file model.cif (mmCIF, C-alpha atoms and all ligand atoms)
data_final
loop_
_atom_site.label_atom_id
_atom_site.label_comp_id
_atom_site.auth_asym_id
_atom_site.auth_seq_id
_atom_site.Cartn_x
_atom_site.Cartn_y
_atom_site.Cartn_z
CA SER A 1 -15.72 -59.65 -84.66
CA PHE A 2 -15.40 -63.14 -86.09
CA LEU A 3 -17.37 -64.72 -83.14
CA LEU A 4 -20.23 -62.18 -83.38
CA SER A 5 -20.62 -63.06 -87.10
CA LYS A 6 -20.81 -66.75 -86.28
CA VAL A 7 -23.26 -66.36 -83.37
CA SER A 8 -25.49 -64.12 -85.55
CA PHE A 9 -25.50 -66.67 -88.38
CA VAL A 10 -26.54 -69.51 -86.08
CA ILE A 11 -29.38 -67.39 -84.66
CA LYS A 12 -30.66 -66.71 -88.18
CA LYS A 13 -30.22 -70.29 -89.31
CA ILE A 14 -32.35 -71.66 -86.40
CA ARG A 15 -34.96 -68.86 -86.75
CA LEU A 16 -35.46 -69.68 -90.42
CA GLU A 17 -35.59 -73.49 -89.83
CA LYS A 18 -38.40 -72.82 -87.31
CA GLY A 19 -40.36 -70.64 -89.79
CA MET A 20 -40.19 -67.59 -87.47
CA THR A 21 -39.91 -64.11 -88.79
CA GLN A 22 -37.78 -61.50 -87.00
CA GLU A 23 -40.94 -60.12 -85.41
CA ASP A 24 -41.93 -63.59 -84.17
CA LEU A 25 -38.44 -63.96 -82.57
CA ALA A 26 -38.59 -60.42 -81.07
CA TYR A 27 -41.86 -61.18 -79.47
CA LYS A 28 -40.82 -64.56 -77.97
CA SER A 29 -37.43 -63.19 -76.77
CA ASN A 30 -38.95 -60.03 -75.37
CA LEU A 31 -36.49 -57.94 -77.33
CA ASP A 32 -37.09 -55.12 -79.91
CA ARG A 33 -37.50 -56.07 -83.60
CA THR A 34 -34.90 -53.65 -84.69
CA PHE A 35 -32.43 -55.26 -82.24
CA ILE A 36 -33.06 -58.73 -83.80
CA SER A 37 -32.67 -57.27 -87.25
CA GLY A 38 -29.42 -55.60 -86.18
CA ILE A 39 -27.99 -58.82 -84.78
CA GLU A 40 -28.61 -60.68 -88.01
CA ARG A 41 -27.00 -57.96 -90.12
CA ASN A 42 -24.11 -58.45 -87.77
CA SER A 43 -24.38 -54.78 -86.76
CA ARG A 44 -25.06 -55.07 -82.97
CA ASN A 45 -22.84 -56.22 -80.07
CA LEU A 46 -24.85 -58.86 -78.22
CA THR A 47 -24.47 -59.77 -74.57
CA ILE A 48 -24.57 -63.16 -72.97
CA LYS A 49 -27.91 -62.39 -71.25
CA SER A 50 -29.47 -61.28 -74.60
CA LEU A 51 -28.17 -64.35 -76.28
CA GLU A 52 -29.86 -66.51 -73.65
CA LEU A 53 -33.20 -64.63 -74.24
CA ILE A 54 -32.84 -65.40 -77.97
CA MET A 55 -32.13 -69.10 -77.29
CA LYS A 56 -35.22 -69.24 -75.03
CA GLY A 57 -37.27 -67.53 -77.81
CA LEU A 58 -36.02 -70.04 -80.30
CA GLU A 59 -36.62 -72.96 -77.88
CA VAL A 60 -33.23 -74.34 -78.67
CA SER A 61 -31.20 -76.09 -75.98
CA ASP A 62 -28.07 -74.31 -74.83
CA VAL A 63 -25.84 -77.35 -75.63
CA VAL A 64 -27.36 -77.65 -79.15
CA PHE A 65 -26.84 -73.97 -79.88
CA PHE A 66 -23.11 -74.19 -78.92
CA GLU A 67 -22.66 -77.42 -80.92
CA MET A 68 -24.01 -75.64 -83.98
CA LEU A 69 -21.76 -72.64 -83.23
CA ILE A 70 -18.72 -74.89 -83.04
CA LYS A 71 -19.64 -76.49 -86.41
CA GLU A 72 -19.97 -73.18 -88.04
CA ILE A 73 -16.59 -71.97 -86.61
CA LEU A 74 -14.91 -75.17 -87.87
CA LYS A 75 -16.11 -74.42 -91.43
CA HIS A 76 -13.37 -71.81 -91.34
CA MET B 1 -33.67 -65.53 -60.98
CA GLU B 2 -30.08 -65.01 -62.19
CA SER B 3 -29.08 -66.01 -65.75
CA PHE B 4 -28.03 -69.63 -65.98
CA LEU B 5 -25.84 -69.11 -69.07
CA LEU B 6 -24.10 -66.07 -67.58
CA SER B 7 -23.22 -68.06 -64.42
CA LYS B 8 -21.79 -70.93 -66.58
CA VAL B 9 -19.83 -68.59 -68.88
CA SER B 10 -18.45 -66.87 -65.75
CA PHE B 11 -17.50 -70.16 -64.17
CA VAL B 12 -15.65 -71.41 -67.31
CA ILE B 13 -13.65 -68.15 -67.51
CA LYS B 14 -12.58 -68.60 -63.82
CA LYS B 15 -11.73 -72.30 -64.37
CA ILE B 16 -9.52 -71.65 -67.38
CA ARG B 17 -7.94 -68.62 -65.66
CA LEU B 18 -6.88 -70.87 -62.74
CA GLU B 19 -5.75 -73.69 -64.97
CA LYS B 20 -3.41 -71.17 -66.65
CA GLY B 21 -1.97 -69.98 -63.36
CA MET B 22 -3.39 -66.50 -63.75
CA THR B 23 -4.80 -64.03 -61.26
CA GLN B 24 -7.87 -61.83 -62.01
CA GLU B 25 -5.42 -58.97 -62.44
CA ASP B 26 -3.35 -60.95 -64.89
CA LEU B 27 -6.45 -61.76 -66.99
CA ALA B 28 -7.45 -58.09 -67.00
CA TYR B 29 -3.94 -57.05 -68.11
CA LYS B 30 -3.85 -59.60 -70.90
CA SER B 31 -7.48 -58.99 -72.13
CA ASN B 32 -7.06 -55.22 -71.94
CA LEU B 33 -10.09 -55.00 -69.64
CA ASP B 34 -10.51 -53.40 -66.17
CA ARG B 35 -9.73 -55.62 -63.21
CA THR B 36 -13.00 -54.63 -61.55
CA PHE B 37 -14.90 -55.95 -64.63
CA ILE B 38 -13.06 -59.23 -64.42
CA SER B 39 -13.90 -59.47 -60.75
CA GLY B 40 -17.59 -58.62 -61.34
CA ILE B 41 -17.91 -61.31 -64.07
CA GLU B 42 -16.54 -64.00 -61.78
CA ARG B 43 -18.84 -62.98 -58.89
CA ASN B 44 -21.75 -63.43 -61.37
CA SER B 45 -22.49 -59.70 -61.14
CA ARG B 46 -21.64 -58.43 -64.65
CA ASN B 47 -22.98 -59.23 -68.08
CA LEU B 48 -20.58 -59.12 -70.96
CA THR B 49 -20.75 -58.71 -74.70
CA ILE B 50 -19.60 -61.31 -77.21
CA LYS B 51 -16.74 -58.98 -78.16
CA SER B 52 -15.58 -58.78 -74.49
CA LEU B 53 -15.72 -62.59 -74.33
CA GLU B 54 -13.45 -62.69 -77.34
CA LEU B 55 -10.95 -60.41 -75.62
CA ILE B 56 -11.12 -62.63 -72.53
CA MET B 57 -10.46 -65.74 -74.65
CA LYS B 58 -7.48 -63.95 -76.20
CA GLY B 59 -6.28 -63.07 -72.62
CA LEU B 60 -6.74 -66.72 -71.70
CA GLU B 61 -4.97 -68.01 -74.89
CA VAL B 62 -7.82 -70.34 -75.60
CA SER B 63 -9.47 -70.91 -78.93
CA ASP B 64 -13.27 -70.17 -79.35
CA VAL B 65 -13.85 -73.86 -80.03
CA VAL B 66 -12.07 -74.99 -76.85
CA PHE B 67 -13.97 -72.40 -74.80
CA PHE B 68 -17.30 -73.63 -76.12
CA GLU B 69 -16.37 -77.30 -75.58
CA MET B 70 -15.64 -76.53 -72.01
CA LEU B 71 -18.91 -74.60 -71.68
CA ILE B 72 -20.87 -77.52 -73.06
CA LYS B 73 -19.23 -79.87 -70.57
CA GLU B 74 -19.96 -77.61 -67.65
CA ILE B 75 -23.61 -77.21 -68.73
CA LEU B 76 -23.89 -81.04 -69.01
CA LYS B 77 -22.33 -81.68 -65.63
CA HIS B 78 -24.81 -79.22 -63.98
CA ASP B 79 -27.88 -81.27 -63.15
NA NA C 101 -21.14 -62.38 -64.34
#

call {"tool": "encode", "arguments": {"input": "model.cif", "output": "structure tokens", "more": "lines below"}}
Ligand code: NA
result
Amino acid sequence: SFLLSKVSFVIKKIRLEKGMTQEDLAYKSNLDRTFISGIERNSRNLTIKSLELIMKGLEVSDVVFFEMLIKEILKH
Amino acid sequence: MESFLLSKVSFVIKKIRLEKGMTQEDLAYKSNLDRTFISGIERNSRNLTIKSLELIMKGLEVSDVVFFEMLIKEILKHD
């Protein structure tokens, strides 16, 4: 999945710019650590509702997240 | 309450579907997904995976970028 790889990269990019570890993000998203780790290794098929929990955990605005996603897609 | 992003994703799928002249059944046929899953999405009653969204975008003949532009606009126009 090309789009899953891009969404996963943006997640990681924002997590790392905020200084959060995977455990920090798991906790704030109310998701399991091993699920966050799986997403970032591009090895898990994320839903829209889980994506929203991750955006809330990151405290990133929905519009900003999708602008970043578009930028990353356009690199290709 | 219900997921904001899910309701907006759902709404953009329906909007594009109708702009292309397609029925729910048509979109199911072209996405290779069950018609009852299409219908559930649009009634804001079904979550979907990123990979199902990609199949829907292929059924809609819309690029990822155009889909996300439309999503951004619909989020902005919500108050
Ligand atoms: Na839905």

call {"tool": "residues_near_ligand", "arguments": {"input": "model.cif", "ligand": "ligand NA 101 (chain C)", "cutoff": "8 Å", "atoms": "all atoms listed in the file", "output": "list in words"}}
result
residues 6, 7, 9, 10, 40, 41, 42, 43, 44, 45, 46, 47 and 48 of chain B

call {"tool": "interface_residues", "arguments": {"input": "model.cif", "of": "chain A", "to": "chain B", "cutoff": "6 Å", "atoms": "all atoms listed in the file", "output": "compact mmCIF listing (two decimals) with C-alpha atoms, in the frame of the given file"}}
result
# COMPACT_ATOMS: atom_id res chain seq x y z
CA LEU A 46 -24.85 -58.86 -78.22
CA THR A 47 -24.47 -59.77 -74.57
CA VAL A 63 -25.84 -77.35 -75.63
CA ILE A 70 -18.72 -74.89 -83.04

call {"tool": "atom_distance", "arguments": {"input": "model.cif", "atom1": "CA of residue 39 (chain A)", "atom2": "CA of residue 61 (chain B)"}}
result
26.7 Å

call {"tool": "residues_around", "arguments": {"input": "model.cif", "residues": "residue 53 (chain A)", "least_positions_apart": "2", "cutoff": "9 Å", "atoms": "all atoms listed in the file", "output": "number ranges by chain"}}
result
A: 28-31, 48-51, 55-58

call {"tool": "atom_distance", "arguments": {"input": "model.cif", "atom1": "CA of residue 57 (chain B)", "atom2": "CA of residue 59 (chain A)"}}
result
27.3 Å

call {"tool": "residues_around", "arguments": {"input": "model.cif", "residues": "residue 16 (chain B)", "least_positions_apart": "2", "cutoff": "10 Å", "atoms": "only C-alpha atoms", "output": "MDAnalysis selection string"}}
result
chainID B and resid 11:14 18:22 57 60:62 67 70

call {"tool": "residues_around", "arguments": {"input": "model.cif", "residues": "residue 22 (chain A)", "least_positions_apart": "2", "cutoff": "12 Å", "atoms": "all atoms listed in the file", "output": "NGL selection string"}}
result
:A and (11-16 or 18-20 or 24-41 or 54 or 57-58)

call {"tool": "write_last_selection", "arguments": {"input": "model.cif", "atoms": "C-alpha atoms", "output": "PDB file, in the frame of the given file"}}
result
ATOM      1  CA  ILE A  11     -29.380 -67.390 -84.660  1.00  0.00           C
ATOM      2  CA  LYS A  12     -30.660 -66.710 -88.180  1.00  0.00           C
ATOM      3  CA  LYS A  13     -30.220 -70.290 -89.310  1.00  0.00           C
ATOM      4  CA  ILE A  14     -32.350 -71.660 -86.400  1.00  0.00           C
ATOM      5  CA  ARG A  15     -34.960 -68.860 -86.750  1.00  0.00           C
ATOM      6  CA  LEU A  16     -35.460 -69.680 -90.420  1.00  0.00           C
ATOM      7  CA  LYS A  18     -38.400 -72.820 -87.310  1.00  0.00           C
ATOM      8  CA  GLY A  19     -40.360 -70.640 -89.790  1.00  0.00           C
ATOM      9  CA  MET A  20     -40.190 -67.590 -87.470  1.00  0.00           C
ATOM     10  CA  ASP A  24     -41.930 -63.590 -84.170  1.00  0.00           C
ATOM     11  CA  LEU A  25     -38.440 -63.960 -82.570  1.00  0.00           C
ATOM     12  CA  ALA A  26     -38.590 -60.420 -81.070  1.00  0.00           C
ATOM     13  CA  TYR A  27     -41.860 -61.180 -79.470  1.00  0.00           C
ATOM     14  CA  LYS A  28     -40.820 -64.560 -77.970  1.00  0.00           C
ATOM     15  CA  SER A  29     -37.430 -63.190 -76.770  1.00  0.00           C
ATOM     16  CA  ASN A  30     -38.950 -60.030 -75.370  1.00  0.00           C
ATOM     17  CA  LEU A  31     -36.490 -57.940 -77.330  1.00  0.00           C
ATOM     18  CA  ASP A  32     -37.090 -55.120 -79.910  1.00  0.00           C
ATOM     19  CA  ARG A  33     -37.500 -56.070 -83.600  1.00  0.00           C
ATOM     20  CA  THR A  34     -34.900 -53.650 -84.690  1.00  0.00           C
ATOM     21  CA  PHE A  35     -32.430 -55.260 -82.240  1.00  0.00           C
ATOM     22  CA  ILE A  36     -33.060 -58.730 -83.800  1.00  0.00           C
ATOM     23  CA  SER A  37     -32.670 -57.270 -87.250  1.00  0.00           C
ATOM     24  CA  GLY A  38     -29.420 -55.600 -86.180  1.00  0.00           C
ATOM     25  CA  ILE A  39     -27.990 -58.820 -84.780  1.00  0.00           C
ATOM     26  CA  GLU A  40     -28.610 -60.680 -88.010  1.00  0.00           C
ATOM     27  CA  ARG A  41     -27.000 -57.960 -90.120  1.00  0.00           C
ATOM     28  CA  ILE A  54     -32.840 -65.400 -77.970  1.00  0.00           C
ATOM     29  CA  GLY A  57     -37.270 -67.530 -77.810  1.00  0.00           C
ATOM     30  CA  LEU A  58     -36.020 -70.040 -80.300  1.00  0.00           C
TER      31      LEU A  58
END

call {"tool": "atom_distance", "arguments": {"input": "model.cif", "atom1": "CA of residue 79 (chain B)", "atom2": "CA of residue 67 (chain A)"}}
result
18.9 Å

call {"tool": "axis_aligned_box", "arguments": {"input": "model.cif", "around": "region 29-35 of chain B", "padding_each_side": "6 Å", "output": "lines of an AutoDock Vina configuration file"}}
result
center_x = -7.2
center_y = -56.5
center_z = -67.7
size_x = 18.7
size_y = 18.2
size_z = 20.9

call {"tool": "build_atoms", "arguments": {"input": "model.cif", "residues": "region 25-57 of chain B", "atoms": "N, CA and C atoms", "output": "CSV table (one decimal), in the frame of the given file"}}
result
chain,number,residue,atom,x,y,z
B,25,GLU,N,-6.2,-60.1,-61.9
B,25,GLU,CA,-5.4,-59.0,-62.4
B,25,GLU,C,-4.6,-59.3,-63.7
B,26,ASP,N,-4.0,-60.5,-63.7
B,26,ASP,CA,-3.4,-61.0,-64.9
B,26,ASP,C,-4.3,-61.0,-66.1
B,27,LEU,N,-5.5,-61.6,-65.9
B,27,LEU,CA,-6.4,-61.8,-67.0
B,27,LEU,C,-6.9,-60.4,-67.5
B,28,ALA,N,-7.1,-59.4,-66.6
B,28,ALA,CA,-7.4,-58.1,-67.0
B,28,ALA,C,-6.4,-57.4,-67.9
B,29,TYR,N,-5.1,-57.5,-67.4
B,29,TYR,CA,-3.9,-57.0,-68.1
B,29,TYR,C,-3.9,-57.6,-69.5
B,30,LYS,N,-3.9,-59.0,-69.6
B,30,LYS,CA,-3.8,-59.6,-70.9
B,30,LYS,C,-5.1,-59.5,-71.9
B,31,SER,N,-6.3,-59.2,-71.4
B,31,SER,CA,-7.5,-59.0,-72.1
B,31,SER,C,-7.7,-57.5,-72.5
B,32,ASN,N,-6.9,-56.7,-71.9
B,32,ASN,CA,-7.1,-55.2,-71.9
B,32,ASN,C,-8.4,-54.8,-71.4
B,33,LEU,N,-8.8,-55.3,-70.3
B,33,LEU,CA,-10.1,-55.0,-69.6
B,33,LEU,C,-9.8,-54.6,-68.2
B,34,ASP,N,-10.7,-53.8,-67.6
B,34,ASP,CA,-10.5,-53.4,-66.2
B,34,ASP,C,-10.6,-54.6,-65.2
B,35,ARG,N,-9.7,-54.6,-64.2
B,35,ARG,CA,-9.7,-55.6,-63.2
B,35,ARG,C,-11.1,-55.7,-62.5
B,36,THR,N,-11.8,-54.6,-62.3
B,36,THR,CA,-13.0,-54.6,-61.6
B,36,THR,C,-14.2,-55.3,-62.4
B,37,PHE,N,-14.0,-55.3,-63.7
B,37,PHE,CA,-14.9,-56.0,-64.6
B,37,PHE,C,-14.6,-57.4,-64.6
B,38,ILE,N,-13.4,-57.9,-64.7
B,38,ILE,CA,-13.1,-59.2,-64.4
B,38,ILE,C,-13.7,-59.8,-63.1
B,39,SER,N,-13.4,-59.1,-62.1
B,39,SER,CA,-13.9,-59.5,-60.8
B,39,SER,C,-15.5,-59.6,-60.7
B,40,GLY,N,-16.1,-58.6,-61.3
B,40,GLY,CA,-17.6,-58.6,-61.3
B,40,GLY,C,-18.2,-59.8,-62.1
B,41,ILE,N,-17.5,-60.1,-63.3
B,41,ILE,CA,-17.9,-61.3,-64.1
B,41,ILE,C,-17.9,-62.6,-63.2
B,42,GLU,N,-16.7,-62.8,-62.6
B,42,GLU,CA,-16.5,-64.0,-61.8
B,42,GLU,C,-17.4,-64.1,-60.5
B,43,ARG,N,-17.9,-63.0,-60.0
B,43,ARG,CA,-18.8,-63.0,-58.9
B,43,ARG,C,-20.3,-63.1,-59.4
B,44,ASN,N,-20.4,-63.3,-60.7
B,44,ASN,CA,-21.8,-63.4,-61.4
B,44,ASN,C,-22.6,-62.2,-61.2
B,45,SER,N,-21.9,-61.0,-61.3
B,45,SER,CA,-22.5,-59.7,-61.1
B,45,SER,C,-22.3,-58.8,-62.3
B,46,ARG,N,-21.9,-59.3,-63.5
B,46,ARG,CA,-21.6,-58.4,-64.6
B,46,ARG,C,-21.9,-59.3,-65.9
B,47,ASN,N,-22.7,-58.7,-66.8
B,47,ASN,CA,-23.0,-59.2,-68.1
B,47,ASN,C,-21.8,-58.9,-68.9
B,48,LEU,N,-21.6,-59.5,-70.0
B,48,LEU,CA,-20.6,-59.1,-71.0
B,48,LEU,C,-21.0,-59.4,-72.4
B,49,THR,N,-20.5,-58.6,-73.3
B,49,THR,CA,-20.8,-58.7,-74.7
B,49,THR,C,-19.9,-59.9,-75.3
B,50,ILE,N,-20.4,-60.4,-76.4
B,50,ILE,CA,-19.6,-61.3,-77.2
B,50,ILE,C,-18.2,-60.8,-77.5
B,51,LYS,N,-18.1,-59.5,-77.9
B,51,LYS,CA,-16.7,-59.0,-78.2
B,51,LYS,C,-15.8,-58.9,-76.9
B,52,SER,N,-16.4,-58.7,-75.7
B,52,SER,CA,-15.6,-58.8,-74.5
B,52,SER,C,-15.2,-60.2,-74.2
B,53,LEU,N,-16.0,-61.2,-74.5
B,53,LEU,CA,-15.7,-62.6,-74.3
B,53,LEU,C,-14.6,-62.9,-75.2
B,54,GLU,N,-14.6,-62.4,-76.4
B,54,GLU,CA,-13.4,-62.7,-77.3
B,54,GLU,C,-12.1,-62.1,-76.8
B,55,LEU,N,-12.2,-60.9,-76.2
B,55,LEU,CA,-11.0,-60.4,-75.6
B,55,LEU,C,-10.5,-61.3,-74.4
B,56,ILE,N,-11.5,-61.8,-73.7
B,56,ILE,CA,-11.1,-62.6,-72.5
B,56,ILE,C,-10.5,-63.9,-73.0
B,57,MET,N,-11.0,-64.5,-74.1
B,57,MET,CA,-10.5,-65.7,-74.6
B,57,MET,C,-9.0,-65.5,-75.2
